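Text of the file input_33.cif, holding mmCIF, C-alpha atoms and all ligand atoms:
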```cif
data_run
#
loop_
_atom_site.label_atom_id
_atom_site.label_comp_id
_atom_site.auth_asym_id
_atom_site.auth_seq_id
_atom_site.Cartn_x
_atom_site.Cartn_y
_atom_site.Cartn_z
CA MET T 1 -2.89 28.78 -19.44
CA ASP T 2 -5.94 26.55 -18.84
CA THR T 3 -5.61 25.33 -15.24
CA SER T 4 -8.67 23.07 -15.11
CA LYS T 5 -8.15 19.38 -14.36
CA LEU T 6 -6.68 17.10 -17.02
CA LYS T 7 -9.20 15.32 -19.23
CA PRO T 8 -8.56 11.81 -20.59
CA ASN T 9 -5.79 12.34 -23.18
CA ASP T 10 -5.49 16.02 -22.36
CA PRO T 11 -3.34 17.81 -24.97
CA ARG T 12 -1.74 20.15 -22.44
CA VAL T 13 0.59 17.32 -21.39
CA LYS T 14 2.73 14.59 -22.97
CA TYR T 15 2.53 10.83 -22.51
CA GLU T 16 5.92 9.12 -22.64
CA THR T 17 7.89 6.04 -21.59
CA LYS T 18 11.45 5.61 -20.44
CA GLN T 19 13.45 2.54 -19.51
CA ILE T 20 13.92 2.81 -15.73
CA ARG T 21 16.07 0.34 -13.79
CA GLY T 22 15.06 -2.49 -16.10
CA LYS T 23 11.37 -1.62 -16.53
CA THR T 24 9.37 0.43 -18.97
CA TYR T 25 7.87 3.33 -16.99
CA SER T 26 5.06 5.33 -18.51
CA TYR T 27 4.38 8.82 -17.27
CA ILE T 28 2.62 12.11 -17.81
CA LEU T 29 4.96 15.02 -18.49
CA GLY T 30 3.74 18.60 -18.15
CA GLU T 31 6.02 21.46 -19.07
CA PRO T 32 6.06 24.65 -16.98
CA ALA T 33 4.45 28.00 -17.65
CA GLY T 34 7.27 30.51 -17.40
CA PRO T 35 10.89 29.67 -16.64
CA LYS T 36 11.10 26.36 -14.78
CA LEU T 37 11.24 26.74 -11.00
CA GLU T 38 11.62 23.07 -10.11
CA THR T 39 10.72 19.69 -11.46
CA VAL T 40 7.94 18.05 -9.44
CA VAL T 41 7.55 14.25 -9.39
CA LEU T 42 4.10 13.01 -8.32
CA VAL T 43 3.46 9.44 -7.08
CA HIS T 44 -0.04 7.89 -7.05
CA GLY T 45 -1.31 4.96 -4.97
CA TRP T 46 -3.90 2.17 -5.10
CA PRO T 47 -5.99 1.75 -7.18
CA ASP T 48 -5.06 4.95 -9.00
CA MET T 49 -2.68 6.04 -11.77
CA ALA T 50 -0.84 9.16 -12.91
CA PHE T 51 -4.19 10.62 -14.05
CA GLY T 52 -5.18 10.64 -10.36
CA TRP T 53 -3.09 13.84 -10.18
CA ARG T 54 -5.32 15.43 -12.82
CA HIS T 55 -6.10 18.43 -10.61
CA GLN T 56 -2.50 19.01 -9.48
CA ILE T 57 -0.67 18.59 -12.83
CA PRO T 58 -2.08 21.62 -14.76
CA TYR T 59 -2.00 23.66 -11.57
CA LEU T 60 1.69 22.97 -10.86
CA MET T 61 2.44 23.69 -14.53
CA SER T 62 0.64 27.05 -14.21
CA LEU T 63 2.86 27.73 -11.18
CA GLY T 64 6.01 27.30 -13.27
CA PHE T 65 6.88 23.67 -12.40
CA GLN T 66 7.75 20.85 -14.72
CA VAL T 67 5.63 17.89 -13.65
CA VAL T 68 6.48 14.19 -14.03
CA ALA T 69 3.68 11.86 -12.89
CA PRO T 70 4.51 8.18 -13.52
CA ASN T 71 2.21 5.27 -13.70
CA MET T 72 3.97 3.33 -10.98
CA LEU T 73 5.16 -0.25 -11.14
CA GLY T 74 2.28 -2.53 -12.10
CA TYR T 75 -0.06 0.19 -13.38
CA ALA T 76 -1.41 1.03 -16.83
CA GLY T 77 1.44 1.52 -19.37
CA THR T 78 4.24 0.75 -16.90
CA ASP T 79 5.62 -2.77 -16.64
CA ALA T 80 4.32 -5.20 -13.99
CA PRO T 81 7.27 -7.44 -13.07
CA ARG T 82 6.71 -10.90 -11.65
CA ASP T 83 9.48 -10.39 -9.07
CA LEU T 84 7.96 -8.96 -5.88
CA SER T 85 11.35 -7.55 -4.90
CA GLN T 86 10.79 -4.99 -7.66
CA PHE T 87 7.80 -3.72 -5.62
CA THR T 88 9.52 -2.86 -2.32
CA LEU T 89 9.47 0.75 -1.20
CA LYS T 90 13.27 0.75 -1.57
CA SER T 91 13.36 -0.50 -5.15
CA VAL T 92 10.47 1.77 -6.17
CA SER T 93 12.34 4.70 -4.58
CA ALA T 94 15.37 3.81 -6.70
CA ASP T 95 13.04 3.80 -9.72
CA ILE T 96 11.85 7.30 -8.80
CA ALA T 97 15.41 8.46 -8.21
CA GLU T 98 16.52 7.32 -11.67
CA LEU T 99 13.44 8.71 -13.41
CA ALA T 100 13.79 12.05 -11.58
CA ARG T 101 17.45 12.40 -12.48
CA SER T 102 16.66 11.41 -16.05
CA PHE T 103 15.06 14.87 -16.23
CA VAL T 104 17.08 17.02 -13.81
CA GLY T 105 20.50 15.36 -14.31
CA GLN T 106 22.33 13.31 -11.69
CA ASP T 107 23.31 16.50 -9.83
CA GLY T 108 19.69 17.71 -9.96
CA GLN T 109 17.01 18.00 -7.30
CA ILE T 110 13.22 17.63 -7.37
CA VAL T 111 10.11 18.36 -5.47
CA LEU T 112 8.47 15.01 -4.67
CA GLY T 113 4.80 14.44 -3.87
CA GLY T 114 2.83 11.33 -3.03
CA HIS T 115 -0.61 9.99 -2.12
CA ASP T 116 -1.73 6.68 -0.57
CA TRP T 117 0.99 4.10 -1.40
CA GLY T 118 2.71 6.96 -3.22
CA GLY T 119 2.89 8.89 0.03
CA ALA T 120 4.67 5.96 1.66
CA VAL T 121 7.02 5.86 -1.33
CA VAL T 122 8.00 9.52 -1.23
CA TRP T 123 8.89 9.48 2.48
CA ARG T 124 11.11 6.46 1.80
CA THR T 125 12.46 8.11 -1.34
CA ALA T 126 13.32 11.21 0.69
CA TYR T 127 15.00 8.91 3.21
CA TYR T 128 16.99 6.85 0.66
CA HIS T 129 17.95 9.77 -1.64
CA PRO T 130 18.28 12.99 0.35
CA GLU T 131 20.73 14.26 -2.30
CA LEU T 132 17.79 14.31 -4.71
CA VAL T 133 14.73 15.43 -2.77
CA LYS T 134 14.69 19.20 -2.16
CA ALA T 135 11.15 19.17 -0.76
CA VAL T 136 8.64 16.39 -0.15
CA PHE T 137 4.92 16.28 0.53
CA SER T 138 2.40 13.54 1.13
CA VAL T 139 -1.39 13.63 0.88
CA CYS T 140 -3.26 11.30 3.30
CA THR T 141 -0.27 9.00 4.05
CA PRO T 142 1.72 9.82 7.21
CA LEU T 143 5.22 8.60 7.95
CA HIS T 144 5.58 5.15 9.37
CA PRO T 145 8.76 4.17 11.25
CA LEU T 146 11.48 1.90 9.96
CA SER T 147 10.24 -1.64 10.58
CA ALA T 148 12.23 -3.09 13.46
CA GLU T 149 10.68 -6.57 13.16
CA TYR T 150 8.38 -8.58 10.93
CA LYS T 151 4.95 -9.75 12.07
CA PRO T 152 2.41 -11.19 9.59
CA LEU T 153 -0.59 -8.92 9.20
CA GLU T 154 -2.88 -11.93 9.86
CA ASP T 155 -1.45 -12.21 13.37
CA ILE T 156 -1.61 -8.44 13.73
CA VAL T 157 -5.31 -8.10 12.95
CA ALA T 158 -6.08 -11.34 14.82
CA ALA T 159 -4.82 -9.59 17.95
CA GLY T 160 -7.09 -6.64 17.14
CA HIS T 161 -4.45 -4.21 15.79
CA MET T 162 -4.27 -2.20 12.57
CA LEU T 163 -7.91 -3.10 11.95
CA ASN T 164 -8.13 -0.24 9.41
CA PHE T 165 -5.67 -2.27 7.26
CA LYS T 166 -7.38 -5.69 7.32
CA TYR T 167 -8.66 -5.16 3.76
CA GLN T 168 -5.04 -5.68 2.66
CA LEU T 169 -5.32 -9.38 3.52
CA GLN T 170 -7.87 -9.89 0.75
CA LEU T 171 -5.85 -7.65 -1.56
CA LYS T 172 -2.64 -9.66 -1.19
CA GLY T 173 -4.57 -12.90 -1.68
CA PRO T 174 -6.00 -14.44 -4.86
CA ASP T 175 -9.63 -13.28 -4.67
CA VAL T 176 -9.43 -9.77 -6.14
CA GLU T 177 -6.82 -10.72 -8.74
CA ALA T 178 -8.79 -13.76 -9.89
CA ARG T 179 -12.21 -12.10 -9.97
CA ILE T 180 -11.53 -8.58 -11.31
CA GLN T 181 -10.47 -9.44 -14.84
CA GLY T 182 -11.59 -7.78 -18.04
CA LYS T 183 -13.07 -4.33 -18.53
CA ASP T 184 -16.57 -5.29 -17.40
CA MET T 185 -15.33 -6.27 -13.95
CA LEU T 186 -12.80 -3.41 -13.83
CA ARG T 187 -15.60 -0.92 -14.48
CA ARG T 188 -17.57 -2.33 -11.52
CA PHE T 189 -14.41 -2.39 -9.40
CA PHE T 190 -13.81 1.31 -10.07
CA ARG T 191 -17.42 2.28 -9.35
CA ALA T 192 -16.90 0.47 -6.04
CA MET T 193 -13.51 2.00 -5.27
CA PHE T 194 -14.63 5.58 -6.01
CA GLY T 195 -17.73 5.53 -3.82
CA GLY T 196 -20.65 4.05 -5.75
CA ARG T 197 -23.29 2.23 -3.71
CA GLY T 198 -25.97 -0.40 -4.20
CA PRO T 199 -29.77 -0.21 -3.99
CA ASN T 200 -29.58 -0.64 -0.21
CA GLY T 201 -26.43 1.41 0.25
CA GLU T 202 -24.15 -1.61 -0.05
CA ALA T 203 -20.55 -0.46 -0.32
CA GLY T 204 -18.38 -2.12 -2.97
CA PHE T 205 -15.30 -1.77 -0.76
CA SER T 206 -14.61 -1.49 2.97
CA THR T 207 -11.43 -1.21 5.00
CA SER T 208 -12.56 -4.33 6.93
CA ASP T 209 -13.16 -6.84 4.10
CA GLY T 210 -11.87 -5.19 0.90
CA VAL T 211 -13.83 -5.59 -2.34
CA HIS T 212 -17.39 -6.80 -1.71
CA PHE T 213 -17.63 -8.98 -4.82
CA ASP T 214 -21.34 -9.70 -4.23
CA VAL T 215 -22.14 -5.95 -4.39
CA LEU T 216 -20.39 -5.12 -7.69
CA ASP T 217 -23.41 -6.19 -9.77
CA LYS T 218 -25.67 -3.56 -8.16
CA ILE T 219 -23.03 -0.85 -7.76
CA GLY T 220 -24.23 2.54 -9.02
CA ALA T 221 -22.35 5.44 -10.51
CA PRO T 222 -19.47 6.65 -8.32
CA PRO T 223 -19.75 10.22 -7.02
CA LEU T 224 -15.99 10.80 -7.24
CA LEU T 225 -15.49 10.13 -10.97
CA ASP T 226 -17.43 11.23 -14.01
CA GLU T 227 -18.32 8.74 -16.73
CA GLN T 228 -15.40 9.47 -19.08
CA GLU T 229 -12.92 9.46 -16.19
CA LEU T 230 -14.31 6.04 -15.15
CA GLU T 231 -13.88 4.72 -18.69
CA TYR T 232 -10.34 6.12 -18.74
CA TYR T 233 -9.41 4.19 -15.61
CA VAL T 234 -10.90 1.07 -17.21
CA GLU T 235 -9.05 1.55 -20.49
CA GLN T 236 -5.73 2.24 -18.78
CA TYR T 237 -5.99 -0.60 -16.27
CA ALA T 238 -6.86 -2.82 -19.24
CA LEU T 239 -3.35 -2.17 -20.59
CA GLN T 240 -2.09 -4.74 -18.07
CA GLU T 241 -2.19 -8.32 -19.26
CA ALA T 242 -4.86 -10.47 -17.58
CA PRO T 243 -5.16 -10.76 -14.60
CA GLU T 244 -5.00 -6.98 -14.92
CA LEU T 245 -4.80 -6.30 -11.17
CA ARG T 246 -1.75 -8.49 -10.54
CA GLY T 247 0.70 -5.59 -10.70
CA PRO T 248 -1.27 -3.22 -8.46
CA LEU T 249 -2.08 -5.93 -5.92
CA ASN T 250 1.66 -6.74 -5.72
CA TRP T 251 1.96 -3.60 -3.56
CA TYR T 252 0.20 -5.57 -0.80
CA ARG T 253 2.56 -8.59 -1.06
CA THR T 254 5.81 -6.98 0.11
CA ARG T 255 5.27 -6.66 3.87
CA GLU T 256 8.02 -9.16 4.68
CA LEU T 257 10.41 -7.88 1.95
CA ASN T 258 9.91 -4.30 3.12
CA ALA T 259 10.37 -5.43 6.72
CA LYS T 260 13.66 -7.09 5.79
CA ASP T 261 15.02 -3.99 4.03
CA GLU T 262 14.07 -1.68 6.90
CA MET T 263 15.06 -3.92 9.83
CA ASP T 264 18.48 -3.62 8.23
CA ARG T 265 18.08 0.19 8.34
CA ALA T 266 16.78 0.16 11.90
CA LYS T 267 19.90 -1.80 12.90
CA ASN T 268 22.69 -0.16 10.87
CA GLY T 269 21.20 2.43 8.53
CA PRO T 270 20.96 6.14 9.30
CA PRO T 271 18.05 7.38 11.42
CA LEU T 272 14.68 8.09 9.84
CA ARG T 273 15.17 11.84 9.62
CA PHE T 274 13.99 14.56 7.21
CA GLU T 275 16.00 17.79 7.00
CA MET T 276 14.38 19.14 3.84
CA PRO T 277 11.06 21.05 3.97
CA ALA T 278 8.15 18.63 4.18
CA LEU T 279 4.36 18.85 3.96
CA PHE T 280 1.71 16.40 5.22
CA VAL T 281 -1.87 16.97 4.05
CA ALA T 282 -4.29 14.95 6.19
CA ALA T 283 -7.73 13.85 4.95
CA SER T 284 -10.49 13.98 7.55
CA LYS T 285 -12.78 11.28 6.14
CA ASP T 286 -10.01 8.90 5.03
CA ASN T 287 -10.97 5.83 7.05
CA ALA T 288 -8.03 3.84 5.65
CA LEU T 289 -5.53 6.50 6.81
CA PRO T 290 -7.30 8.59 9.47
CA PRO T 291 -5.59 11.83 10.59
CA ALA T 292 -4.96 10.43 14.09
CA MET T 293 -2.56 7.96 12.45
CA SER T 294 -0.03 10.81 12.05
CA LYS T 295 0.30 11.44 15.80
CA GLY T 296 3.95 11.65 16.80
CA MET T 297 5.12 11.89 13.19
CA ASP T 298 6.38 15.48 13.53
CA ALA T 299 9.34 14.33 15.66
CA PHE T 300 11.03 12.89 12.54
CA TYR T 301 11.15 16.23 10.68
CA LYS T 302 13.18 19.41 10.98
CA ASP T 303 10.62 21.26 8.87
CA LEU T 304 7.18 19.61 8.68
CA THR T 305 4.20 21.70 7.57
CA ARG T 306 0.81 20.20 8.44
CA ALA T 307 -2.52 20.82 6.71
CA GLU T 308 -5.85 19.03 6.64
CA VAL T 309 -8.63 18.99 4.04
CA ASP T 310 -12.23 17.83 4.55
CA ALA T 311 -12.40 14.93 2.11
CA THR T 312 -12.42 11.17 1.80
CA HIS T 313 -9.31 9.21 0.88
CA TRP T 314 -9.71 10.65 -2.63
CA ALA T 315 -8.59 14.10 -1.57
CA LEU T 316 -6.56 14.91 -4.71
CA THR T 317 -9.81 15.02 -6.68
CA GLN T 318 -12.59 15.60 -4.13
CA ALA T 319 -10.64 18.51 -2.61
CA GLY T 320 -8.41 19.23 -5.58
CA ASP T 321 -8.63 23.03 -5.44
CA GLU T 322 -7.93 23.11 -1.71
CA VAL T 323 -5.07 20.57 -1.95
CA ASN T 324 -3.64 22.66 -4.82
CA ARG T 325 -3.67 25.85 -2.75
CA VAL T 326 -2.05 24.06 0.21
CA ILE T 327 0.77 22.71 -1.98
CA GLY T 328 1.16 26.03 -3.78
CA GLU T 329 1.38 28.12 -0.62
CA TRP T 330 3.70 25.67 1.13
CA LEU T 331 5.96 25.37 -1.92
CA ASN T 332 6.02 29.15 -2.24
CA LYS T 333 7.37 29.29 1.31
CA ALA T 334 9.42 26.08 1.32
CA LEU T 335 11.55 27.09 -1.67
CA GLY T 336 12.15 30.68 -0.48
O1 LIG T 401 -3.69 0.76 0.34
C1 LIG T 401 -3.89 1.90 0.58
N1 LIG T 401 -5.13 2.52 0.13
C2 LIG T 401 -6.08 1.69 -0.60
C3 LIG T 401 -7.35 2.47 -0.89
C4 LIG T 401 -7.95 3.03 0.40
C5 LIG T 401 -9.37 3.45 0.09
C6 LIG T 401 -10.23 3.83 1.12
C7 LIG T 401 -11.53 4.19 0.80
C8 LIG T 401 -11.96 4.16 -0.52
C9 LIG T 401 -11.10 3.78 -1.54
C10 LIG T 401 -9.80 3.42 -1.23
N2 LIG T 401 -2.92 2.73 1.30
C11 LIG T 401 -1.64 2.26 1.79
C12 LIG T 401 -0.81 3.51 1.99
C13 LIG T 401 0.62 3.12 2.35
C14 LIG T 401 0.75 2.08 3.47
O2 LIG T 401 1.49 2.74 4.47
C15 LIG T 401 2.34 1.97 5.27
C16 LIG T 401 1.98 2.37 6.71
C17 LIG T 401 2.08 1.44 7.74
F1 LIG T 401 2.52 0.16 7.48
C18 LIG T 401 1.73 1.80 9.04
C19 LIG T 401 1.28 3.09 9.31
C20 LIG T 401 1.19 4.02 8.28
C21 LIG T 401 1.53 3.66 6.99
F2 LIG T 401 1.42 4.57 5.98
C22 LIG T 401 -0.59 1.65 4.07
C23 LIG T 401 -1.76 1.47 3.09
#
```

Give the structure from this file in structure tokens form.
Ligand SMILES: O=C(NCCCc1ccccc1)N[C@H]1CC[C@@H](OCc2c(F)cccc2F)CC1
Amino acid sequence: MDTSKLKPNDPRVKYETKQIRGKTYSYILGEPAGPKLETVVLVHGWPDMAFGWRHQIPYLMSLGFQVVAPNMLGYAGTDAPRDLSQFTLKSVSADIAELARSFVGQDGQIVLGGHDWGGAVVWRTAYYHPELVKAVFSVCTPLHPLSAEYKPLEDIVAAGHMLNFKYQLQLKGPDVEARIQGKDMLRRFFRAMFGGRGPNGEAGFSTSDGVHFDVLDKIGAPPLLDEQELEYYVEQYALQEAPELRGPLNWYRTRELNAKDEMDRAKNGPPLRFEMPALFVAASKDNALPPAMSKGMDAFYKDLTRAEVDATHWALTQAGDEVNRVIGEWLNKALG
């Protein structure tokens, strides 16, 4: 089997939709090489899509896993509901639970992996559906505790806290949604998001201010995508109805809804506890989610394996072969 990364419209995989908890969910499906060991569900983040797992999908197939990688709510061929409650980590976990079981049966179990927002999702999914999740890993995103209260992020960063998250203020607002419409702007956006720079090294995106709209005109080719990959992100994001970024930016509009779900769990729900084998792959140059952010996380796991790869936030691609080996070796030991 060819184990190189997926190309746009790779024929080694299938592209399908299913109705999931009221929404059309599009996904990549890769069938295993050899008798199926497990089904693996892979969850991307922002501003990515299923194709962001392009290094992991053929690899996991070659290891004997069936691989389901959805375009998550708001992204590409998956529906983008208007109701923000559809975008909470709890509802999205329920989405993943139903999609998972639509392949493994209701009595089935999966391996579950996540990155960025997807990492946050899979920890919550492993918390809300421990019957389903046999093993869970996250790249870049560490566990965060059950929210015990709600504070607006404005007031949080105004006090000087969570400064590495202040970009999310712009994202939840109207500026990115209103400005990044159509393929021309989306192309610039993606050059910015995947590391392209301007004639004086101007960054198109920063964790402080978000998208630097004034830079997008001079933004050069991104180092972390090739030209056809870039076009593929543009084409697929274009599947959303204008404003195309509404769905993806909805992930930054649920702080209070998520806080309300989880304050309920902090009060009455079971403890945030993970009994199944778990893997956290840190990224050294991820300035949105620096490795130090995971300090103290191990106390919530019976069985947490830690790794760390030298890469930016985009570790699935930049360090794809290393990430692959880390997942493969951990899975080989987790499941035995
Ligand atoms: O939005 C995200 N990434 C956007 C792209 C970042 C980037 C950097 C450089 C170049 C391109 C892109 N990530 C989400 C991941 C899940 C969320 O986790 C919730 C959460 C907490 F509330 C508190 C503590 C930890 C914790 F995970 C937090 C932001």

Problem set entry | Close residues to ligand LIG 401 (chain T) using only C-alpha atoms and all ligand atoms, limit 6 Å, as number ranges by chain | T: 46, 116-117, 120, 141-144, 193-194, 288, 313

What does the distance between CA of residue 42 in chain T and CA of residue 111 in chain T come to in Å, to one decimal place?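 Between these atoms lies a distance of 8.5 Å.
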
Item to complete: Name the residues in contact with range 314-326 of chain T at a cut-off of 10 Å, using all atoms listed in the file, excluding same-chain residues fewer than 2 positions from it; report them as a PyMOL selection string.
Response: chain T and resi 4-5+44+48+52-57+59-60+115-116+139-140+193-195+223-225+279-286+305-312+328-332

Q: Could you check how far CA of residue 190 in chain T sits from CA of residue 169 in chain T, in Å to one decimal?
A: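 Going from CA of residue 190 in chain T over to CA of residue 169 in chain T, I get 19.3 Å.
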
| message | When you look at residue 132 in chain T with a cut-off of 7 Å (counting all atoms listed in the file), what residues show up, excluding the ones that are within fewer than 3 positions of it in the same chain? I need them as a ChimeraX atom specification. | response | /T:108-110,129
